[PDB]
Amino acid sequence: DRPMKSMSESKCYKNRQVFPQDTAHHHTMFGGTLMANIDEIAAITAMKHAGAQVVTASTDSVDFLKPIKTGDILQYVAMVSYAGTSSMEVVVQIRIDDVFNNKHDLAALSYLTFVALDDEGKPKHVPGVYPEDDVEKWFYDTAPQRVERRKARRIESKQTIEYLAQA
């Protein structure tokens, strides 16, 4: 069918320290700030893959696994793990890069769905995607099921939207 890109072509890195202005509780990163950064680097990966402007259609999930403290170096790695017609699933891995002991613990994991757009603001078709290394293979292989679950959630979500519209 369509043109294809490697998951490695859109793979994007971001390294960023945690500063006091990123925190809420004493020396601890606030979840909202983390979500902002996740969305930033995911948006960049989706832009590279689509070769276009994108918007966040939904945050499918953010799993906050570890507390993140002031001073911590965060490594964000985003990649496109699934391509629908005009939509992309972007998976973001966030690791704490401890330079004192070379550990790189997974601190958070997130899935977002982006939609590519043309210059007049309507959905635009995106290249397909294929893995190369084993990790890419893992996200690529587990994507279909996540996509279907997102489908069901969108059904229930639409019920809720319709209910709130009558009040």
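All residue numbers refer to positions in the sequence shown, first residue = 1.
Enquirer: Mean CA B-factor: is it higher for 157-165 or for 2-10?
Expert: Comparing 157-165 with 2-10, the higher average CA B-factor belongs to 157-165.
Enquirer: Comparing average C-alpha B factors as deposited, tell me which of 37-45 and 123-131 sits higher.
Expert: Comparing 37-45 with 123-131, the higher average CA B-factor belongs to 123-131.
Enquirer: Please work out which residue in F64, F139, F30, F100 has the highest C-alpha B-factor recorded for this crystal structure.
Expert: Of the candidates given, the C-alpha B-factor peaks at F100.
Enquirer: Ranking every modelled residue in this chain by its Cα temperature factor as given in the entry, which third contains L109?
Expert: It falls in the bottom third of the chain.
Enquirer: Can you tell me which third, lowest, middle or highest, the CA B-factor of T56 falls into for its chain?
Expert: For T56, the deposited C-alpha B-factor lands in the lowest third.
Enquirer: State the tercile, meaning the lowest, middle or highest third, of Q21 with respect to the CA B-factors recorded for its chain.
Expert: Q21: CA B-factor falls in the lowest third of its chain.
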